[PDB]
Structure formats: C-alpha cells, structure tokens
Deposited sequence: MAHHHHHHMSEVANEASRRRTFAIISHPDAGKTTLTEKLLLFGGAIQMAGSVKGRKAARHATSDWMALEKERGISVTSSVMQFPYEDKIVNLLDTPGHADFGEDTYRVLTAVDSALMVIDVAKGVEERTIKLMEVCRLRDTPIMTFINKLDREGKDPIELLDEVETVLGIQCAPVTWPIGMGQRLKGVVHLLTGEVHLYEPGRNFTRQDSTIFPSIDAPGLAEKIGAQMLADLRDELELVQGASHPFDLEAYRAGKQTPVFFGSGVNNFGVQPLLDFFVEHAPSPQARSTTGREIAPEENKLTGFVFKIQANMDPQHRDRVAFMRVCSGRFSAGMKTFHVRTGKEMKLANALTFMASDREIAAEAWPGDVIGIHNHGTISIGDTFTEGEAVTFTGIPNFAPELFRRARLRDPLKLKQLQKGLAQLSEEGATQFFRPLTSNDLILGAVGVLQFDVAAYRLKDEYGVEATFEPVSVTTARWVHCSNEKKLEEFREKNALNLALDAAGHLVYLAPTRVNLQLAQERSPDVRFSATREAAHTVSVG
C-alpha cells in the first residue's frame, strides 16, 4: 500500500553529542547532501529586530527544530537536539520520537557528560545508535583505546565500519571495513561521489606511493588487531540497540561524512510499531495516528502562537484533515499546520509515518496527546524526565497564589516545567532540565497569567518518582521521608533529593521501594 511504501523510505533520527563535538557542523554537511543549501547556511549561521528578541524570550529556537531532506530515495527526518543555551527538557524528549540515533564524539575528548546522559535516554527505547568520531584532522585519543572507552563507559558493543590512517597533521584517510575501499584525505576536495580519491583495496598498487610505506605497514598491523578482537557489524545487534557501527572523519572538511550517510540510510530502521495502552500500532495502518512530544513557541509577531510537535506513526497527513483529539474528544481540523521539507526545490503539503507535523496549538494540547481519526487509542512510552535544576517560586504580591498555581500546573501540561508541592510546605518548586525553562516560565506566567514571579534556587539536586505496592509499607515510607517528599502536577510521589548522595542512601534504606527516573505524561 501507499502508506507502507512511504514509511519504508523514512529514516527519522537525531544527533546526540556533548557540546562542541560537531552536531551543527555535521548537520550542515548532511543538509548539503540533501540539497538543503538554503537551510544549511542558516544552520551554520546560527553560530537584531526588537520583536524577534521578545520572541526569543517566549521560547522559540533560532535553528529549525526539524530538518527533512531526501537522500538515495530515502526520506531522512533529522530532529534537532539543542545542546547550547536552549538545552532543556525538550532535548531529552525529541529522542523518544525517533527510531535511530547518531552519536558524535570528539576524538580529543572522548565520551563526555552529555554523551552519557543522552545515551541513557536512548537506552529507554533501546534506540539503535551509530557512532561518528569527529575531528581527526587534529590530534586525539588512540582509536583502539577510544573503542574500549565507548564499550566500557557507554556499555554498547563496538563494530567499526571505517577506520582511520593516522590523525592530525599525519592523517591520510579512512579505510572501509565492509567494502574494503580506501578513501584518501586530501585538500581541494568536497569528498562526494565524483569529488574523492577512492582506492578499491589495501593491496591496490601505488597506495604506499601515496600514504607512505611506513604508514601502510602500520595500517596492516592495526587491521590484524581489529579483525581478531573487535566484533564485525551484526545488523540484528545494531537494531536491538546492542551494537553501534563506528565511523571516523573530519566533519569540518566533510571528510568521511558521506560513507556514514550512505551506510546510515541503508541500515538505520524505518518507522516501527510503537505501543499504546493496549494494542500495538504498526506504521502501515490506513488511519492517521501519532503523539505530541514537544510544545514550543512558533516565531510570531503577535507573540501568541504556540505549535505542538507531533510525530506521525501511521496513515497519511494531508493539509486540513479532520483529526480526533483522543483526550478532549473534539474533532480537530489541522489547519495551516507545519511540514518541514527543507529543500530549495522540493515542497510537499503532506506527511507520512516517521515525519513530524506542527499543530498550531491554541491552549488545549498538552504533551503526549494522541491524535487519531476516531479510534480511542492512547500512545504510551512518552516520558517525563527527572529534573536537574530546581528553584522555588517567589511572588511579590501574594494575592496571585490562586493564579500562580493555575499558570504553573498548565505549564506542566505543555512541558514548560515540572511543578512540585512538598508534603510539608506550601512552597512551589519548579524542576527543569536547562536554565532556559526558568526564564520562559517567567515571561509566560507574566504575559499569559499576569503573575510577576521569580525563581530562587533551593537545596534540591535530583528527583525520583516513587512507587510501591504494599499500601502500609509505603506509608511507613511516606511518614519517614516526608520532609524530602513532594507531589508533582500529576499527583505522583516525588523524592526531592538535596544531593545524589542523599538519594543513594535513601534508595538503600528502602529496599522494597522503586526509585525510577521517568514518568508517563498521561497522568499514569
């Protein structure tokens, strides 16, 4: 069928990186291959009018959230993961609306703090991971050691697919480990199809006349070790999230990028079956389905447009179709909704399973909302994430407590911020993932709700959701740790911890108590 075909082309993925790894550099070089030259320049330019400044305050992002582009007859949906000033909870959430992930690692650094946390988010869905080691034009760690670093630190098996030849001032090129080809690193080239120097084999004549006899011999030495030690690429493993094919390159020069992109579109998974409150929803179904996973402000001179982001999981979207908002129950007509075909010639008014659409939100869409054509079904798997920045609410005029908690609880629905009411206090504690969510709730509470407020930091570092079967044994825990407990906007029990250390002690004192770092956004 027409849907099954279009879904089979889709490659929906995001990049996970520690900052300054190369995420925006490597995004540009791929937008080049998709023919999105116009967007490619604005993404590199992302490194002023008065009303756009106020819009920066309301929560818009300069870089486009979603970048779709075609490559080798596949449709590549590249969902952004803002890592800089706009880092926040939405960054963690984007990963739950993809099927595959590309990890970028600086070779000088290695695995880094943001690498580790993003990779943990991918472990939740067992998302497949591909690895690209960046910045080989400058000196860095040994590849053999960097593989063990990934393996031991990140926990995932390593199956390299390309392999470097030197690095830094001494970099000569990569060697493909499946095709046997030997791409060369050299100037004046964009490293594309016709614009590259590719030997078909290591034993091809003249290779030593190009990479030096010494470096060819040391390359034979390194391969013999990788062959008899590192594991070869097992697609079944990669698909189950238990293995990552590794690529080495130099994104700033587009070197090694294309082999990665060709390998990616060949093997990365097409849209798969997600789960709902009961039955599994396959991507080949006739009716349209999908879940809202992100809500942001859309660049608006009226400073009033919010757009909820929705990934499509079955059927076909067409501009102006009647949808079924399972929660509210009202028929919703997706009017003037947003597609993200970023290409100077290509322009498409529809979207297929794996794509993302932008539903202009007027206030009644919250995170995790499931849109269908009439089937009462509700997607599961959409998580809320344990905050990592906590602050208390500071209101100058106390006559706005009624309206403050009204605004706050709604900002929780739309994913602005989480909102915690301690069992032994009327304080209101706002958990976020990035600093920016606080300035946003500031403006939004003032602008929308008229509550001039402030957020002073508290002695809270991490939070865990609490669940336990035994009704009495939980109450022996509710009254024991009550000072450290709160309720969130959903009414779940949250252990607000002053430190990671206090939490581990808390986890051990209560052996029969579940401490989980995630929670479904559907009040359950």
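Residues 1-9, 57-61, 539-542 of the deposited sequence have no C-alpha coordinates in the model.
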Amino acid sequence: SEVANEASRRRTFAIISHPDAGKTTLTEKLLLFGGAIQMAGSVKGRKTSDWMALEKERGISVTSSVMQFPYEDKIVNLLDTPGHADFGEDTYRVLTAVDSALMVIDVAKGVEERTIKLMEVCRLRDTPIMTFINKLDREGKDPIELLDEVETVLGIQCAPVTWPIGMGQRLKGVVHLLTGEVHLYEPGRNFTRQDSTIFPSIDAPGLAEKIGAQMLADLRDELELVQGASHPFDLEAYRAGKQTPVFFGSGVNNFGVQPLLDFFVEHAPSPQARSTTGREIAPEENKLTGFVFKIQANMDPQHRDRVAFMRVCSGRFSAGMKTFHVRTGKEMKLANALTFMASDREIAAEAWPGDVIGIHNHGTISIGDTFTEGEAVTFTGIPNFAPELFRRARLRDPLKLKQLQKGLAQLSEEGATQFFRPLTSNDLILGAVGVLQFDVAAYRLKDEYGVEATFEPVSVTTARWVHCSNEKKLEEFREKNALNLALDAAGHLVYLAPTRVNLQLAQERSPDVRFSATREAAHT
From here on, numbers count along this sequence of modelled residues.
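The PDB entry reports B-factors from which the mean C-alpha value can be compared for 242-250 and 445-453; the larger average falls on 445-453. A summary of the deposited B-factors shows that, of 503-511 and 21-29, the stretch with the larger mean C-alpha value is 503-511. Of the candidates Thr96, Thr131, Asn384, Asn361, the one whose C-alpha carries the top B factor in the deposited record is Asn361. Across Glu280, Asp86, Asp355, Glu149, the entry's maximum B-factor at the CA atom is seen for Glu280. Per-chain ranking of the deposited C-alpha B factor places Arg396 in the highest third. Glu186: CA B factor in the highest third of modelled residues in this chain (values from the PDB entry).
Ranked by C-alpha B-factor against the other modelled residues of its chain, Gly35 falls in the middle third. Among the modelled residues of its chain, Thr48 has a C-alpha B-factor that falls in the highest third according to the deposited record. Among the modelled residues of the chain, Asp195 sits in the highest third by CA temperature factor in this PDB entry.
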